[PDB]
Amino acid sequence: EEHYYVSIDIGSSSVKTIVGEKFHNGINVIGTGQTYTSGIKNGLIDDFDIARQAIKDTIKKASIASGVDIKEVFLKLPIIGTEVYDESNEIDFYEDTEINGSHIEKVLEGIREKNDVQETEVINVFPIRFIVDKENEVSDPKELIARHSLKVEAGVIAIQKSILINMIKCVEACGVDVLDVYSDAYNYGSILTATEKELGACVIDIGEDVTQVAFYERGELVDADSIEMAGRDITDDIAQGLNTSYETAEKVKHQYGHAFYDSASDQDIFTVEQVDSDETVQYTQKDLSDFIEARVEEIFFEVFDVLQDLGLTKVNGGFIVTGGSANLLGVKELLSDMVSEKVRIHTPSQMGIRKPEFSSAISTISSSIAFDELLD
């Protein structure tokens, strides 16, 4: 009777898998898997076989770590080729009907059916509110008696069919079933406080190839997008600036990386190899932070451009930065120097996943739980 929730994040840098348990009104992580791969680029499958093997290896790792024979999983989908919009649907009753999870599922399904865009598929439909018998608004209609109808006013996330199909295919080629998919646009709602989600908060996830942006207000997702600029570009800038290899630039980024120049130490020194020579050059943390700060600043300017385009300039709920690149020192200080609102770095609380790169994978689990609770 043991119930586990397994999520998979097919990242450009690494595939991440989490095995979760419902505990103390939250999630207990009993196992994780992580595999760095080259099969994924810009959040999409670049080499099917390599990606497939990476996913398989990650599922194996999580299975060994948790002691669970993983057969069914929940898959996150990146905010790429994605559209967010509002839609309503209503189902009719011709006799007094006690509402249950099946009616909710039906009325939500109708919204999936309403989409007639051939290239895209609706992946998530989440209720904003319910209306019983055209007049009575409710948060949760279950166990209420409807005499005429049940309407839902919902948020909808649709994605390019090619992405959905390919990701699911790649995962299911590893001997597991994909139970459901969850867009990160929906997922990131879980890392926010009720206050943040109410006032108007912006989530910025800086990964390797992709930076994702999602805005929430009045307790619901408003809109989302992604930018093709993240950690890899920071590394590129380091490699170019220090005239070193990409590999060395990556290691240097982890070891001495700092995103705020004024706070970076010129007394903290390190040595680096050269590409066009056999000689070695010494650099300081401040020298490095010059390039790192320039790139991260550019990323945040891209984020501001997205917010301006979406008409979401007012961010009273503040900024919440996550993802692997949020591991960099000085990120919070830089963004705080760029905005008048509150800024924080989100890191999952559970032991084993206290790294910001896991934010998506854990959130996915929450998402699934939420729907489980909704369709009761």
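Counting begins at 1, following the sequence as shown.
Participant: Averaging the C-alpha B factors as listed in the entry, name the stretch that ends up higher: 279-287 or 190-198.
Facilitator: Per the deposited B-factors, the answer is 279-287.
Participant: Name the higher of the two by mean Cα B-factor in the PDB entry, 115-123 versus 84-92.
Facilitator: The recorded data point to 115-123.
Participant: Out of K71, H148, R129, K142, which one has a C-alpha B factor higher than all the others in the entry?
Facilitator: Highest CA B-factor of the listed options: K71.
Participant: Per the entry, which of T97, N100, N243, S183 tops the list for Cα B factor?
Facilitator: The record points to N243.
Participant: Test of reading the entry: by CA B factor among the chain's modelled residues, which third contains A54?
Facilitator: Within its chain, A54 is a lowest-third residue by C-alpha B-factor, going by the deposited values.
Participant: Give the position of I320 by CA B-factor within its chain, expressed as the lowest, middle or highest third.
Facilitator: Answer is lowest: the recorded C-alpha B-factor places it there.
Participant: Where does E302 sit by CA temperature factor within its chain: lowest, middle or highest third?
Facilitator: For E302, whose C-alpha B-factor we compare with every modelled residue in the chain, the answer is the middle third.
Participant: Split the chain's modelled residues into thirds by Cα B-factor; is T37 in the lowest, middle or highest one?
Facilitator: Answer is highest: the recorded C-alpha B-factor places it there.
Participant: Going by the recorded CA B-factors, say which third of the chain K106 sits in, lowest, middle or highest.
Facilitator: For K106, the deposited C-alpha B-factor lands in the middle third.
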